[PDB]
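What follows is one chain in structure tokens, specifically the form deposited in one PDB entry.
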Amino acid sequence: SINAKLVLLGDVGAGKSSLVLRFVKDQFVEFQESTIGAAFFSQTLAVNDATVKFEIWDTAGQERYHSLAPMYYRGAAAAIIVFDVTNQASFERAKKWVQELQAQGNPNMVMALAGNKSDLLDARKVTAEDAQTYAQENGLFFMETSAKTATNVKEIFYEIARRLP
């Protein structure tokens, strides 16, 4: 009864699909086998004795499709911009999405920056500091997430639902 359109932005391999499947089905490919695609989902959540229903829109992350994205994020009440903490190039890309939504998305959009694959230790290349700093400077919140271990998956969607104008 609060109906939200939520877009997932970020480049291929970041973990947009893994994130939303953890959130929706509570599965990760390595533990449960694959059942359904992850491009579109409806999900309801209880927030503060109310109800918030998410329509979740995946987008193609490849460079050649970048200029298509505004058609997807048009009228989005919220966005999760995902990056892979082990890929510095994914982080750079996530900041451009933020900049773009600020030039060209809704000012009352709740953006969340998700730093995915937190569970990967010897691979990590992006600091909590930079992500956190970046998000603090640009009016959005940063969370570290993991689809595999489930860390901060439910919570990032909860925190988005909480902040809904």
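Only residues modelled in both forms are compared. All residue numbers are counted from 1 along the displayed sequence. Note that the rigid core is defined as the largest set of C-alphas that superpose within 1.5 Å between two forms.
Compared with other entries of the same protein, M111 falls outside the group left without coordinates by a third of them; all model it where both flanks are modelled. Looking at the other PDB entries for this protein, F28 is absent from the model in a third or more of those that include the residues around it.
Between 101-109 and 28-36, it is 28-36 that carries the larger average Cα temperature factor according to the deposited entry. Annotation for 38-46 versus 113-121: the higher mean temperature factor (C-alpha) is found in 38-46. Out of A69, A131, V52, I56, the entry records its largest CA B-factor for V52.
Keep in mind that the form deposited in another entry is not shown, yet the notes after this line are about it.
Rigid-core fit between the shown form and the other one: of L120, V29, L68, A128, the one residue whose Cα shifts 2 angstroms or more is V29. When two forms of a protein are overlaid on their rigid core, residues whose CA moves 2 Å or more are considered shifted, and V98 is not one of them between the shown form and the other one. If you fit the rigid core between the shown form and the other one, you'll see the Cα of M109 move by less than 2 angstroms.
Shown in the overlay between the shown form and the other one, fitted on the rigid core, is a CA shift at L140 smaller than 2 Å. Panel note: the distance between the CA atoms of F28 and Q43 is smaller in the other form than in this form, the difference being 3 Å or more. Distance between the C-alpha atoms of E159 and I36: shorter by at least 3 Å in the other form than in the displayed form. In sequence order, 26-38 is the sole run of at least 3 consecutive residues whose Cα positions differ by 2 Å or more between the shown form and the other one once the rigid core is superposed.
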